[PDB]
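Trainee: Provided herewith is a single structure, encoded as structure tokens, for subsequent inquiry.
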Amino acid sequence: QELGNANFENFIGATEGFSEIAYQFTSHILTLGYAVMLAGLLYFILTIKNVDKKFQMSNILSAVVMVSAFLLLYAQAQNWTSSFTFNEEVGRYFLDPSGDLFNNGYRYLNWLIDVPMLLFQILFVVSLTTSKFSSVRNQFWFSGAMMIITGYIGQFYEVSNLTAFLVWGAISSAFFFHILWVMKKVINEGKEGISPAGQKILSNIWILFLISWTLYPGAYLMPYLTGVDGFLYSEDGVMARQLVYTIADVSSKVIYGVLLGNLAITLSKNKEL
Amino acid sequence: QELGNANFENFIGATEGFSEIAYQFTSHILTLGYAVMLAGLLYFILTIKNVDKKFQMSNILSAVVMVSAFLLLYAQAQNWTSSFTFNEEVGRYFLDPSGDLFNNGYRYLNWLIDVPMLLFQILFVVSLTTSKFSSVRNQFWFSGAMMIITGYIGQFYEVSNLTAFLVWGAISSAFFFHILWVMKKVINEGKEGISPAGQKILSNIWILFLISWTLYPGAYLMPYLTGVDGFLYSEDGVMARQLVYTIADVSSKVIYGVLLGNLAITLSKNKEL
Amino acid sequence: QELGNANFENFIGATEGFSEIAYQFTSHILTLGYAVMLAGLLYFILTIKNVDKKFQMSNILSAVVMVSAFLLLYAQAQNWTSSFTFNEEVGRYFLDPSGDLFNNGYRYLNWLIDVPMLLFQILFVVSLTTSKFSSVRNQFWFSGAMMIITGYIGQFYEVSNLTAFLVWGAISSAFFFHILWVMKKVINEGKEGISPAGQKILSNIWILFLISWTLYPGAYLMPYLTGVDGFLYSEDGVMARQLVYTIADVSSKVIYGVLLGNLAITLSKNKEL
Amino acid sequence: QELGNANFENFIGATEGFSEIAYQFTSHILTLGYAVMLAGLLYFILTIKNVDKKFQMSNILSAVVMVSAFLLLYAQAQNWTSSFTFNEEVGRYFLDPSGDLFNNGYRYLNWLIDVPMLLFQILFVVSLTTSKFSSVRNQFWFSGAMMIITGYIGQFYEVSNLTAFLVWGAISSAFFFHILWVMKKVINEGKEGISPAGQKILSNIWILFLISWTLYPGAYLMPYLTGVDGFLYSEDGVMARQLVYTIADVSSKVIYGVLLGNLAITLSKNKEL
Amino acid sequence: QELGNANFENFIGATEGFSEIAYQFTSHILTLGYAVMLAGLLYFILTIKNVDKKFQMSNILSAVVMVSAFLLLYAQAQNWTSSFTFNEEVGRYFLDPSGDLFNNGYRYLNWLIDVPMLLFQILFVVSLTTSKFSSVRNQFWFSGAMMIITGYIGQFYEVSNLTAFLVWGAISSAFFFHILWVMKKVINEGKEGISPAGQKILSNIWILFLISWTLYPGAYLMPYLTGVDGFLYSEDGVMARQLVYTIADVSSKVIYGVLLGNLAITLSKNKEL
Ligand SMILES: CCCCCCCC/C=C\CCCCCCCC(=O)OC[C@H](O)CO
Ligand SMILES: CCCCCCCC/C=C\CCCCCCCC(=O)OC[C@H](O)CO
Ligand SMILES: CCCCCCCC/C=C\CCCCCCCC(=O)OC[C@H](O)CO
Ligand SMILES: *C/C=C(C)/C=C/C=C(C)/C=C/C1=C(C)CCCC1(C)C
Ligand SMILES: *C/C=C(C)/C=C/C=C(C)/C=C/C1=C(C)CCCC1(C)C
Ligand SMILES: *C/C=C(C)/C=C/C=C(C)/C=C/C1=C(C)CCCC1(C)C
Ligand SMILES: *C/C=C(C)/C=C/C=C(C)/C=C/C1=C(C)CCCC1(C)C
Ligand SMILES: *C/C=C(C)/C=C/C=C(C)/C=C/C1=C(C)CCCC1(C)C
Ligand SMILES: CCCCCCCCO[C@@H]1O[C@H](CO)[C@@H](O)[C@H](O)[C@H]1O
Ligand SMILES: CCCCCCCCO[C@@H]1O[C@H](CO)[C@@H](O)[C@H](O)[C@H]1O
Ligand SMILES: CCCCCCCCO[C@@H]1O[C@H](CO)[C@@H](O)[C@H](O)[C@H]1O
Ligand SMILES: CCCCCCCCO[C@@H]1O[C@H](CO)[C@@H](O)[C@H](O)[C@H]1O
Ligand SMILES: CCCCCCCCO[C@@H]1O[C@H](CO)[C@@H](O)[C@H](O)[C@H]1O
Ligand code: NA
Ligand code: NA
Ligand code: NA
Ligand code: NA
Ligand code: NA
Ligand code: NA
Ligand code: NA
Ligand code: NA
Ligand code: NA
Ligand code: NA
């Protein structure tokens, strides 16, 4: 059976198949994912007036990201259940090509919304000092797009061409390091001339950002993090990848948005928190 | 046939199958469930302005839980009708593995929204005295997460390994007892320095909370509450489990939210009821 | 063919099948049903501020019922088209058990929202005199639940056990008569000490309530209202039942809600009719 | 192949089948239809505050009609693609009875919302001089209902019984002429005592109303407007019917609603166009 | 096999089929498309109050376009995955006629919303000088309709009749040039009597408009832009066409709407950027 430039989920599914626990867990974690995003959409809309007018764009951009993430995770939850079907003889779920092959690439192109908007929205809460707004925005958006597109190309080859997978991944990582660099400056400048309570929130935002964003390259490498024929090149690695994505999605989008909202409240003249 | 680590609904469905009443009732009760949650979402949004600004976060968190519960019960309603198909020869509904096995685990991971948010929202209505907000929140969220995850692992073994089922269930129960303990403190402190009308509502909330939350471990054990080859290890137990879930869902999420809203009104300077 | 405890729609569908007109009409009338409810949801939300704050809960409860009725009629519309499939050889639609048997019981459990909320909402518009709010509410909700649950059990036996059908129906009818009794008291007390305009609307509400609610037991009996092998034990009775449900649904939920809104306007100090 | 009392789309589909252009166009025009209605729903809600309070009910009733038309055209768009399936051997789309026969009757029962509400809403913008509001409303609603129900019965016989088709159509046309008569009076009285700009809009509304509403009986007769075995008794007539419906739907519901909104603005003390 | 007047996607799909990358990418880019539009819908609604009342109609018309584009791209995303199915033997996705042939014509008829509304909305932000509002609107709408309808007819013949394809395309292009001419006048008059900041935004809008709108005829010609049996008459051309549509959709609808919003803010007495 030729699968070509397909994600490793399809190779595990076509050879060993998935146990009840592996198949059900992956469905459950994607379902939790899209439920969090629709709940988050409601939260960010309903709390718009908790902050001064100038900060409300951050709530709006959080809502924009919630719409993207809800739609994508809802679609992927259906893609999972469509791509793997129970075999009564062996009692496992095997690749069902009539559902299409499963592909994580759905996430990557939707990041062309998420990444630009997540990076942009902090610039509506913090005030820059030494950095120029337009310059930070342009660097975030350029490096964001390049990081996503190079990684997108890479993940198609995660089984078919390990070399292409690692080279494209390495190129993507360079743009990622640039984003980390710029965001660190933005957090530092944001701390300047605000209450200590605001400064503490920005310290928390930086840690959240660094960990949550690093989880995505972690999900990229997941199948090979225990090397060739390792523990993770298995249904266990399939489960781990979607779990890491869901932790990263909730952390990078919802918790990030909530912390920015809390910062906006502290910076708001009327509001106290 | 080989079903592995699957819920007992699939064993009943694959051996005896379900009568018209058992199959239809389970579909009906899940449909009522998701209808209550979407109706509740509308209620919590439309009543936001019935309470002082400081209490409105409770309405918002109720709405967040309604989104989670609606999405999950809607999905599970479809999962039920997909997993069991009419056999014309015998006139009963039998396991249809092309629909996937039925799994209650969908509920468990979505509780990672419901439980944390339900426990959190009371802290936006009552005032603590001796207990610290952040400390109560952290205990609720840590013990809530551990209770859910341990029970989640357990329910996969409810047929395949009764020992694992009972041990994981027992560990989960310990975290549950801790939650009951902390919530009792919160209700007691909440009663201090408020009107007798408010105190009565908090007394009602405690009883509602204790009964509604205890129904979940009840649903966990349901198939075995009449022992080996008991009355409940049957389509009658399948019906009973989803009925208990729906009573618990409506009670723990909607009625809880309504009572908290009514408490917020009594604590609101402008508002009266 | 063995259908067990199934609604008579399935017996007609499995024996005679449905003509184009019978099949299409039943689909059309259910589609009109769910369209009216979603349109009504929009109407009740958009007119909230047309009445004094104290009356707005009636708009909210109308909206809650609209959500329930929309969801249920939308689901039942799909259930109808799934349960009956065209046979090319004879040119009629026959029972397709792969879609599941058709069951009116979906409506019954959703009445656990509709009935309690419809009975409750009038208590936010009229003022009681001799009766206590909590007492009327409790009687409405207790007798409402018992009426629904006993009728729900009954309708499963409408073909398989005419005796059980009529006995459960009779028990349900007793609870219905109690509801009619309590609602008559509520209307009488509501008329006391209000404008003639208000009194006229309450007279209209009583007639609407009495006729619209009585249509439901009419739908229950429909197949047998022309006796054994009568005109209505046919596709014509199948059509008649869903037509009566749709007239009852629109009358009891939407028109009732509109009249209560109009009553609220007349009782509103700020608002004018 | 026995189709019985079915619309002519099914006879063309079962005999000649549909070319790529005929099948795709019909799908496209229904898709445009439902898109216009959901976009219109948003427009009528967002512009509510552009007119004086007394005129806002017209926006609300426009929104109500948008909900009905969106739901119906969305359902019919799916019904079209379900009822006709590609035959690879000849490269045409043929009747697929597993999808159900296609029926325009879906539209007719939903007109029980559209027609009453479209006729009603003008009475919240114009002021009558000779005519009583309640009397005009009752005439519109009675004649609207009778026009719809008689036409609904007729269209089932458009192939099976040309005589029934034409007689029911003729009876329906009588009620239609009554509606045209009453609406002409309403427009004339509406022009009395308003600005010339308002009078011009009402002149436009009358022309729009007369043409857009006459398109519906045009769609009814479409297959036979070129006589027996004429050009229109073909895939070309199938296309023409749905095109005429979509022009009529957009004109009678959206453009009508926009012109009424524009009239309301001119009659509004605060507002100007 | 015989495909008749069908888009070239179906010819590639039926002969060579699509690689994993070609099939998945096309699905991903359409998914991004509809996600951007629903996120944009939320953005345009939530930012309505960021501009003076007189400019808010531009936000409303942006929202209207978002509804159209979301619905269309969502439907087309499903049409793509329905029209091509994995062949296990060769590991490619081939035409699945049971899903219907794929057709870009869905986009064209929905442009009867998008094009008229996009051209109209600028007239609620800029002030004309020498040109009449009604005259510019009428020219936009007439030439817009003719451009769309002629191109719509053309694209059905892109394989079956290259001559019809190029002639209808040429006629469509003439109406397009007229639109470019009128929009240039509108931009010029719009620049008169506004701040240099406003003039810069209008310069950007003109460039965006010219490039984004020209991408549509580019997508029309895509398969033949490398001549007969060129590189683009392939899965690579299929990918390129949907990529160009998505870039054009985001640019012409969302970015255009955002720039108009930014212009409205600069022209707003209360607000500043
Ligand atoms: C055994 C087979 C025969 C069965 C035939 C049944 C006949 C039922 C007739 C009337 C229902 C009256 C029920 C009483 C309603 C109780 C209301 C209630 O529970 O609320 C009390 C309220 O609080 C006050 O203070
Ligand atoms: C076959 C090759 C195609 C040739 C390419 C044609 C391009 C120009 C088309 C039309 C120009 C004028 C059309 C204007 C249509 C009416 C709108 C209008 O100008 O009227 C406004 C009214 O006067 C209120 O002020
Ligand atoms: C802005 C986003 C766009 C990104 C999407 C990329 C898709 C590339 C599309 C077109 C390039 C091809 C231009 C064609 C120029 C070559 C002409 C040619 O090859 O000659 C024709 C042939 O030789 C005579 O028979
Ligand atoms: C919610 C969406 C977010 C925050 C997306 C973030 C995505 C990344 C940080 C992706 C990074 C990658 C690498 C650093 C290397 C491998 C390829 C990527 C794109 C997964
Ligand atoms: C609406 C969601 C709610 C209130 C969820 C509550 C869940 C529980 C209280 C679960 C408790 C469990 C045990 C104590 C033992 C067995 C495993 C669990 C997780 C079902
Ligand atoms: C919109 C929902 C409403 C108003 C539901 C009303 C339901 C009833 C009045 C049901 C009555 C019944 C009987 C009195 C006898 C037979 C069984 C029932 C439940 C259909
Ligand atoms: C959007 C809904 C509208 C405006 C509905 C209008 C429907 C009609 C004017 C129908 C008229 C008919 C006749 C006059 C004869 C044939 C049967 C009808 C019902 C199509
Ligand atoms: C978002 C929708 C937009 C902006 C649509 C624009 C459509 C066009 C500019 C279409 C132009 C065409 C030609 C100039 C020639 C070929 C046929 C068309 C219709 C694609
Ligand atoms: C930085 C992390 C990258 C480490 C690369 C590890 C090389 C993995 O090696 C690969 O493992 C697969 C599954 O085990 C095998 O099927 C492949 O044949 C093999 O190339
Ligand atoms: C704390 C409540 C747990 C009670 C444990 C009951 C033990 C049931 O025992 C189990 O019952 C099943 C169904 O009858 C049988 O199929 C199994 O063989 C048997 O092990
Ligand atoms: C309306 C309340 C009383 C109704 C009782 C009517 C008795 C119905 O009688 C039933 O009729 C069915 C269809 O005709 C038959 O198939 C059954 O054999 C017969 O028991
Ligand atoms: C007012 C318009 C009514 C005209 C009705 C006359 C047309 C009836 O002609 C019908 O045409 C069908 C297809 O062309 C044939 O299949 C039928 O046999 C024939 O009766
Ligand atoms: C202005 C751009 C239009 C250029 C028209 C080029 C003519 C293309 O020629 C066509 O190429 C197809 C694909 O290779 C072939 O299948 C056709 O047989 C051939 O007619
Ligand atoms: Na599956
Ligand atoms: Na598929
Ligand atoms: Na089923
Ligand atoms: Na499946
Ligand atoms: Na069907
Ligand atoms: Na089924
Ligand atoms: Na089709
Ligand atoms: Na079907
Ligand atoms: Na596919
Ligand atoms: Na199909």
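Residues in the structure tokens are numbered from 1 in each chain, the chains being A, B, ... in the order shown, and ligands are numbered from 1 in the order shown.
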Tell me, as a ChimeraX atom specification, which residues lie within 12 Å of residue E:218, counting only C-alpha atoms; anything in the same chain fewer than 3 positions away does not count.

Mentor: /E:169,173,211-215,221-225,237,240-245,247-248

Trainee: Extract, using only C-alpha atoms, all DNA, RNA and protein residues at most 10 Å from residue A:76, discarding same-chain residues fewer than 6 positions from it, and format them as a PyMOL selection string.

Mentor: chain A and resi 27+30-31+34+70+82+102-104+106-107

Trainee: Which residues are near ligand 2 in this structure, taking near to mean any atom at most 7 Å from a ligand atom and counting only C-alpha atoms and all ligand atoms? Format them as a list in words.

Mentor: residues 132, 134, 135, 136, 138, 139, 142, 143, 171, 174, 175 and 178 of chain E

Trainee: Name the residues, by chain letter and number, that sit within 7 Å of ligand 5 using only C-alpha atoms and all ligand atoms, and give them as a list in words.

Mentor: residues 108, 111, 114, 115, 147, 148, 150, 151, 152, 169, 170, 172, 173, 176, 213, 214, 216, 217, 220, 248, 249, 252 and 253 of chain B

Trainee: Contacts of residue D:113 at 7 Å or less, counting only C-alpha atoms, minus same-chain residues fewer than 3 places along, as a PyMOL selection string?

Mentor: chain D and resi 65+68+110+116-117

Trainee: Hey, can you spit out that residue selection with N, CA and C atoms as a PDB file, in the first residue's frame?

Mentor:
```pdb
ATOM      1  N   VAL D  65     -38.150  37.008   8.215  1.00  0.00           N
ATOM      2  CA  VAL D  65     -38.289  36.458   6.834  1.00  0.00           C
ATOM      3  C   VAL D  65     -36.925  35.926   6.369  1.00  0.00           C
ATOM      4  N   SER D  68     -36.328  32.408   7.842  1.00  0.00           N
ATOM      5  CA  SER D  68     -37.186  31.440   7.120  1.00  0.00           C
ATOM      6  C   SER D  68     -36.553  31.096   5.765  1.00  0.00           C
ATOM      7  N   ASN D 110     -43.177  27.254   3.818  1.00  0.00           N
ATOM      8  CA  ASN D 110     -42.355  28.311   4.468  1.00  0.00           C
ATOM      9  C   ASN D 110     -42.928  29.690   4.125  1.00  0.00           C
ATOM     10  N   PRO D 116     -47.286  36.294   5.104  1.00  0.00           N
ATOM     11  CA  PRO D 116     -47.916  37.054   6.182  1.00  0.00           C
ATOM     12  C   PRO D 116     -47.014  38.164   6.740  1.00  0.00           C
ATOM     13  N   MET D 117     -45.716  37.895   6.900  1.00  0.00           N
ATOM     14  CA  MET D 117     -44.770  38.834   7.562  1.00  0.00           C
ATOM     15  C   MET D 117     -44.400  39.967   6.592  1.00  0.00           C
TER      16      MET D 117
END
```

Trainee: According to DSSP computed on the backbone, where in stretch 83-183 of chain E is there strand (DSSP E)? Give the residues as an mmCIF file with N, CA and C atoms, in the first residue's frame.

Mentor:
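Full text of states-v6.cif as output:
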```
data_model
loop_
_atom_site.group_PDB
_atom_site.id
_atom_site.type_symbol
_atom_site.label_atom_id
_atom_site.label_comp_id
_atom_site.auth_asym_id
_atom_site.auth_seq_id
_atom_site.Cartn_x
_atom_site.Cartn_y
_atom_site.Cartn_z
ATOM 1 N N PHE E 84 -13.083 14.103 -4.968
ATOM 2 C CA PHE E 84 -11.834 13.328 -5.194
ATOM 3 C C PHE E 84 -11.604 12.374 -4.019
ATOM 4 N N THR E 85 -11.348 11.104 -4.346
ATOM 5 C CA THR E 85 -11.279 9.968 -3.390
ATOM 6 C C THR E 85 -9.993 9.179 -3.637
ATOM 7 N N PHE E 86 -9.345 8.757 -2.550
ATOM 8 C CA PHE E 86 -8.061 8.017 -2.557
ATOM 9 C C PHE E 86 -8.249 6.653 -3.227
ATOM 10 N N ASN E 87 -7.356 6.340 -4.160
ATOM 11 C CA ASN E 87 -7.182 4.991 -4.751
ATOM 12 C C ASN E 87 -5.983 4.335 -4.061
ATOM 13 N N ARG E 92 -3.164 7.809 -5.038
ATOM 14 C CA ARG E 92 -3.551 9.159 -5.520
ATOM 15 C C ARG E 92 -5.068 9.315 -5.400
ATOM 16 N N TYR E 93 -5.542 10.561 -5.399
ATOM 17 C CA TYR E 93 -6.980 10.908 -5.308
ATOM 18 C C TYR E 93 -7.508 11.117 -6.725
ATOM 19 N N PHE E 94 -8.546 10.368 -7.098
ATOM 20 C CA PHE E 94 -9.152 10.400 -8.451
ATOM 21 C C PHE E 94 -10.578 10.940 -8.359
ATOM 22 N N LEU E 95 -11.064 11.478 -9.475
ATOM 23 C CA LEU E 95 -12.459 11.961 -9.604
ATOM 24 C C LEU E 95 -13.392 10.895 -9.028
#
```

Trainee: Enter the distance from atom CA of residue D:254 to atom CA of residue D:203, in Å, rounded to one decimal.

Mentor: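 If I compute the distance from atom CA of residue D:254 to atom CA of residue D:203, I get 17.0 Å.
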
Trainee: Find the residues of chain C that sit at most 12 Å from ligand 11; for each, write down the nearest two atoms and how far apart they are in Å, to one decimal. Count only C-alpha atoms and all ligand atoms. Sort by chain, then by number going up, and give it as a Markdown table.

Mentor:
```
| residue | atom | partner | partner_atom_place_in_ligand_line | distance |
| --- | --- | --- | --- | --- |
| C:8 | CA | ligand 11 | 13 (C) | 9.1 |
| C:9 | CA | ligand 11 | 13 (C) | 12.0 |
| C:11 | CA | ligand 11 | 16 (O) | 9.6 |
| C:12 | CA | ligand 11 | 13 (C) | 10.2 |
| C:15 | CA | ligand 11 | 16 (O) | 11.8 |
| C:157 | CA | ligand 11 | 20 (O) | 11.6 |
| C:158 | CA | ligand 11 | 10 (C) | 9.4 |
| C:159 | CA | ligand 11 | 17 (C) | 7.5 |
| C:160 | CA | ligand 11 | 20 (O) | 9.2 |
| C:161 | CA | ligand 11 | 20 (O) | 8.5 |
| C:162 | CA | ligand 11 | 20 (O) | 6.6 |
| C:163 | CA | ligand 11 | 5 (C) | 9.3 |
| C:164 | CA | ligand 11 | 5 (C) | 12.0 |
| C:165 | CA | ligand 11 | 2 (C) | 9.5 |
| C:166 | CA | ligand 11 | 2 (C) | 7.3 |
| C:167 | CA | ligand 11 | 2 (C) | 10.8 |
| C:169 | CA | ligand 11 | 2 (C) | 9.7 |
| C:170 | CA | ligand 11 | 2 (C) | 10.2 |
| C:217 | CA | ligand 11 | 1 (C) | 10.0 |
| C:218 | CA | ligand 11 | 1 (C) | 8.8 |
| C:219 | CA | ligand 11 | 1 (C) | 10.5 |
| C:220 | CA | ligand 11 | 1 (C) | 9.1 |
| C:221 | CA | ligand 11 | 1 (C) | 5.4 |
| C:222 | CA | ligand 11 | 1 (C) | 7.4 |
| C:223 | CA | ligand 11 | 13 (C) | 7.5 |
| C:224 | CA | ligand 11 | 4 (C) | 4.6 |
| C:225 | CA | ligand 11 | 1 (C) | 4.5 |
| C:226 | CA | ligand 11 | 1 (C) | 7.4 |
| C:227 | CA | ligand 11 | 6 (C) | 4.2 |
| C:228 | CA | ligand 11 | 14 (O) | 3.0 |
| C:229 | CA | ligand 11 | 14 (O) | 3.1 |
| C:230 | CA | ligand 11 | 14 (O) | 5.6 |
| C:231 | CA | ligand 11 | 14 (O) | 8.7 |
| C:232 | CA | ligand 11 | 14 (O) | 8.4 |
| C:233 | CA | ligand 11 | 13 (C) | 5.5 |
| C:234 | CA | ligand 11 | 13 (C) | 8.7 |
| C:237 | CA | ligand 11 | 13 (C) | 11.0 |
```

Trainee: Using the chain letters and numbers from this document, which residues of stretch 1-142 of chain D does DSSP assign to helix (DSSP H, G or I), as a ChimeraX atom specification?

Mentor: /D:8-15,20-46,48-50,53-83,97-99,105-124,133-142

Trainee: Around ligand 15, out to 10 Å and counting only C-alpha atoms and all ligand atoms, which residues are there? I want them as number ranges by chain.

Mentor: A: 79, 82-83, 96-101; E: 78, 80-86, 93, 96, 99
